[PDB]
Amino acid sequence: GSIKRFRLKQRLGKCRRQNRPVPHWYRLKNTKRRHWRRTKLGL
Amino acid sequence: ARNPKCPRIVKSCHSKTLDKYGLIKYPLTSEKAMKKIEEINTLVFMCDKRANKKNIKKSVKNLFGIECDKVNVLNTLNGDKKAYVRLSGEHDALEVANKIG
Amino acid sequence: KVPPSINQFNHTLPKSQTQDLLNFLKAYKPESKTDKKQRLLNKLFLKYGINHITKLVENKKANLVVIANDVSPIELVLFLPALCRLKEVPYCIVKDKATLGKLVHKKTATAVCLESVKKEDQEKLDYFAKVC
Amino acid sequence: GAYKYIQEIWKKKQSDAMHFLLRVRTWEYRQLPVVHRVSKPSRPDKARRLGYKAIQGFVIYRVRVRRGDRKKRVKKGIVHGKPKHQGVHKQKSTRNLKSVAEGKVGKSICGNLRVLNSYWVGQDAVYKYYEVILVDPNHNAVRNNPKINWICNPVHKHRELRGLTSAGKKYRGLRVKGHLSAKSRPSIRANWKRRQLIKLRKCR
Amino acid sequence: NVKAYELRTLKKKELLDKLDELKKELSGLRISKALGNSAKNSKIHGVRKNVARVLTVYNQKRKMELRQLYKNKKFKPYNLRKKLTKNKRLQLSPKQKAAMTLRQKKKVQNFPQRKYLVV
RNA sequence: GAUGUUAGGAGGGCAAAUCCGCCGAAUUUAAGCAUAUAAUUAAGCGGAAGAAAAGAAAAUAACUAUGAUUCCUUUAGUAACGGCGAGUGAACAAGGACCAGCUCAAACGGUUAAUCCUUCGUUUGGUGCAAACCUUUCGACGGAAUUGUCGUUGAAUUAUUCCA
RNA sequence: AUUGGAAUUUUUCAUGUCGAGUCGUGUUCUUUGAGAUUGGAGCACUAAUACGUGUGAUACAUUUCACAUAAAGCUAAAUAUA
RNA sequence: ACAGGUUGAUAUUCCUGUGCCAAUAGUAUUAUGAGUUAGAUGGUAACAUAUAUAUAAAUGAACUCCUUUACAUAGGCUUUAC
């Protein structure tokens, strides 16, 4: 928990990077997101 | 003991092993990194996750001509290494700072 | 307790006399590569192979057959002294496999035959046959 | 001449000399490792006749198999199957002990080698000991040789586990021909599927 | 920017010097991109592609040199040898498949089939 | 029989619709149920291929006989099997698709294994821009094998006639 | 232009040969169309050599006659494919 | 491996100060104490002894024998520290 594993830490950082919202410019040429309290990573 | 007729493969391509360019990715741009440069002769660098301290130290000295008293490292949430590098007291971080921007 | 047919293959000719017989047989050694080349270019022997030797014994074309007991299957030549006795033809049971192989220019031999020789050396072979 | 003599000598079996030699050899076989290399077959005549060729790529392996059948697999007591169905003490199933021996070598040592066939050699009342004729498909002499060469084709991977060996031919009944093979001849699977099959035309 | 044939013209020292130059320039762009500057950012793609061209040309030349070095003598190193299907590699030769016993050779030569007509 | 990071090679695993092996049930049916039934089905463990396996007589017939295999049409819901109850159940012939033969092994060949392979090499062809493949006979030097490789398919001998 | 092979055809002469703990039988368990045992398998006993022995669907003895040549091996095609 | 300091958010880990630990190759120099003209000493004894920048250095192989690591519960008595 408080101490961590390198593989777990990397995947969690990935999941956080994926989470952040879509570029607005893409809509000028957002289906999935997680919220930490109500949705856990299931790992 | 072994002495084969030919090695398994001798593949003559350029190396895929990590290099100075990519081992050190970029200096940090934060107020904190500015404060470290200003007060304690410390240059703060983003580096590859699979990098190791000696290799970072070697890379910095190759790209910047500069020697490191200690290199302290961290593996980040953004999936890279973040290296705090204390420069030796003969040569000043400010001069290097002027060179990098 | 050992059946006679199994048993007989611990018995041989006298050792020095066996050496003398082997050396006499040696003289009639088969050809080599170089001899074959010579035979083509220019212008009796020791017989091996248990299937060939048995054929020789059937046809009475052998004179003396020398059998090893140091072969791993002895069964494959176990019948041969019995057959040779019935065919009334000289056979000899002899200790060393490797030496018989040397006489035929090989690493090993099961049996080896000297099937009839020139009259002047015939008499010595007749003495060997008498002993056998 | 020689092989015919050895054949007939071996054919009687119940001779003192044969019994002596068999007991000693079986004794030695009882000592040895489960699957092990031999340089040459113990009986040349039987081996040559069962397709042994005295060439480099032809290899002999001697194999140990335990005697008798065996209980069907269960929880502790017998499974809860019908009053007809008891696998208790025995089942006496399809693979003959020669085929079983070929399977053990066929998985353990073969892969590089391919099984050709196997012959009886000797037995007591707790083990049978068999010798298996095996062949390498890779080596140049066998690839060069027009004889046997067919075995180099990739369909001969695990012949015994397809039951193509003399032992396999036996329990699949391929030795049997005529009306004694009527429900079995194209294969037991094949014959049943043909008989089962209901075939309809478009206009019937 | 740089085009393959011009690189193929170069000697190995010269090509590597160009490769090193591009890396240093690429790094300068990368540092610039990392800074708050937006001056040269789009050029980095072009440089990365230029580096790629250099490496492909150098590697092709090196591979050809390795092939030249192991011209004939039966065996190239394993993965410089023919990569083909495992099955195709395993497969018996047609030459060996074609070959046959002396009695078979006699049968073939003496008795081939022939074509015909009728009245 | 050991031992070797000796030199050269191979297998492992995956994928599975059809294919080939094993190993291998029950819900169900009988208006109950036990034999029978589901069914030599499902699941399990293995092996293969673009098809697989099968295949050149230890065959069918009792005719005026047929004559490797596979497949279809059929025999046939029949002979037969069955608490002869429920229920199960072929093969041969005939019409066709389509059809292809063969070799080990014994036997035979000893004034000579006439065999086989690796390593080293070497040249008569042919492509391709290039990579590179493809033909090609000739020698070594190692080994292997006679506890049996190669040739031969009764043996000679005559005339004929073809092929390399 | 050599070397070699093969097929018929005469006449003599050689009439040799053909796969065993396998078949078979008994017994057991399984299986099927197999029925006083069809195939498999375990175990027990265990063969004959080509004028032999394996077949000719009811156990047997005694005898015909026809047909085959087990216990080694391979092989394209039609055929199948959720 | 501690004390003090410091950031918008970390600190036994950043900073200042002070230390502590393990390794630390070869060769040549040097300084440090030993021993020599092949291995120190005292103390009856229990035992003690190198204060070199630095308590460093007090011959020893095979083969052996110990010891630390390394241990329950309960009850009081007692000493230190906060």
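Residues numbered from 1 in each chain as written, not as in the entry; some residues may be left out. Chains lettered and ligands numbered in written order. Part of a larger assembly, values for the part shown. Heavy atoms only, no water.

Its PDB header names cryo-EM as the technique used to obtain the model and reports a resolution of 4.7 Å.

For chain D, the PDB entry supplies the name 60S ribosomal protein eL15 and the organism Plasmodium falciparum 3D7. The record for the entry shows the title "Cryo-electron microscopy reconstruction of the Plasmodium falciparum 80S ribosome bound to P-tRNA". On record in UniProt, under Sequence similarities (unreviewed entry), the comment for chain D is "Belongs to the eukaryotic ribosomal protein eL15 family." (UniProt positions renumbered as here; feature names shortened; annotations may be inferred.)

The PDB entry annotates chain A as 60S ribosomal protein eL39 of Plasmodium falciparum 3D7. For the record of chain A, the UniProt heading Sequence similarities (unreviewed entry) holds the text "Belongs to the eukaryotic ribosomal protein eL39 family."

Enquirer: What is the right way to read the sheet that holds strand 3 (residues 91–94) of chain C from this model?
Expert: Strand pairing in a sheet is mediated by backbone hydrogen bonds. Such pairs are either parallel or antiparallel. All names here are of chain C. Read across the sheet, 4 strands follow the order 1-4-2-3 without closing on themselves; strand pairing throughout is mixed. If you trace the sheet from one side to the other, it starts and ends with strand 1 (46–48) and strand 3, each paired once. Between one strand and the next, the sheet's axes are offset by a mean angle of 25°, whatever the strand orientation. As judged from the 3 bridges shared by strand 1 and strand 4 (residues 111–114), these two strands associate in the antiparallel manner. Across the sheet, the residue bridging to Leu 46 is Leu 114, located in strand 4. (Pairing = 2+ DSSP bridges. Helix = DSSP H or I, 4+ residues; strand = E, 2+ residues; numbered from the N terminus. Axes fitted to C-alpha atoms, helices over the stretch in contact; angles between N-to-C directions.)

Enquirer: Explain the side chain of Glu131(D) to me, please; I cannot follow it from the model alone.
Expert: Residues and elements named next belong to chain D. Mapped onto the elements of the fold, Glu 131 is located in strand 4 (residues 127–135). On the accessibility criterion, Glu 131 (0% relative accessible area) is buried. Here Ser 42 takes part through its side chain, which lies 2.6 Å from a polar atom of the side chain of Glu 131. Within the structure, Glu 131 has its side chain in polar contact with the side chain of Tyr 119 (distance 2.6 Å). Apart from the residues lying within four places of it in its own chain, the contact partners of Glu 131 are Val 38, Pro 41, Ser 42, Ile 60, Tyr 61, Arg 62, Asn 117, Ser 118, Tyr 119 and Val 121. (Buried < 20%, exposed > 50% of the residue type's maximum accessible area, 1.4 Å probe, protein only. Polar contact = N/O pair within 3.5 Å; in protein donor to acceptor, adjacent residues only side chain to side chain. Contact = heavy atoms within 4.5 Å.)

Enquirer: What is the right way to read the packing of aromatic side chains from this model?
Expert: If you walk through the whole model with that rule in mind, you get 8 aromatic pairs over all chains. An angle of 10° between the planes, with centres 4.4 Å apart, marks the rings of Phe79(C) and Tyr5(D) as stacked. Within this pair, whereas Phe79(C) is found in helix 5 (residues 75–86), its partner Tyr5(D) is found in helix 1 (residues 2–12), the two belonging to separate chains. A connected cluster of aromatic rings, assembled from ring pairs, spans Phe24(C), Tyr28(C), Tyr127(C) and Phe128(C). (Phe/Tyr/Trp six-rings, centres within 6.5 Å; stacked < 30°, edge-to-face > 60°.)

Enquirer: In this structure, what is going on with the UniProt feature "binding site: Mg(2+)" (unreviewed entry) in chain D? I would like to understand it.
Expert: Residues and elements named next belong to chain D. What UniProt calls "binding site: Mg(2+)" (unreviewed entry) maps, in this numbering, to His 80. Within the secondary structure layout, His 80 lies in the loop between strand 2 (58–66) and helix 4 (97–108). By relative accessible area, which is 85% here, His 80 ends up exposed.

Enquirer: Help me out: how do you make sense of the interface of chain E and chain B in this one?
Expert: A common way to express how large an interface is: the accessible area buried when the components associate. Between chain E and chain B, the contact holds 20 residues from the first and 15 residues from the second. The junction of chain E with chain B conceals about 1600 Å² of combined surface from both sides, 67% of it contributed by carbon and sulfur atoms. Connecting chain E to chain B are 1 salt bridge. Residue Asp19(B) is joined to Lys23(E) by a salt bridge in which the shortest nitrogen-to-oxygen separation is 2.7 Å. Taken together, the links from chain E to chain B amount to 4 residue pairs in polar contact. (Buried area = accessible area lost by both parts, 1.4 Å probe. Salt bridge = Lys/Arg side-chain N within 4 Å of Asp/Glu carboxyl O.)

Enquirer: Is there a simple way to explain the protein's contact with RNA strand H in this structure?
Expert: All names here are of chain B. Taken together, the neighbourhood of RNA strand H is formed by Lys 36, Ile 40, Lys 70, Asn 72 and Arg 86. Within 4 Å of the protein, the contacting atoms of RNA strand H are drawn from sugar and phosphate to the extent of 100%. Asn 72 has a polar side-chain atom sitting 3.1 Å from a phosphate oxygen of RNA strand H. Taking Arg 86, its side chain carries an N or O atom lying 2.6 Å from a phosphate oxygen of RNA strand H. Elements with a contribution of two residues or more to the surface near RNA strand H: helix 2 (31–40) and strand 3 (68–75). (Near = heavy atom within 4 Å.)

Enquirer: Quick question: what am I supposed to make of the packing of helix 2 (residues 12–34) of chain E against helix 3 (residues 43–69) of chain E here?
Expert: Relative placement of two packed helices is described by the angle separating their axes and the distance separating the axes. All names here are of chain E. For the pair helix 2 and helix 3, interaxial distance at closest approach is 10 Å and the crossing angle is 155°. With respect to each other, helix 2 and helix 3 are oriented roughly antiparallel. With respect to the hand of their crossing, helix 2 and helix 3 are arranged in left-handed fashion. Of the residues that constitute the contact of helix 2 with helix 3, the class distribution is 13 nonpolar, 1 polar and 8 charged. (Parallel < 35°, antiparallel > 145°, perpendicular 65-115°, else oblique. Left-handed = near helix turned anticlockwise from the far one by under 90°. Nonpolar A, V, L, I, M, F, W, Y, C, P; charged D, E, K, R; others polar.)

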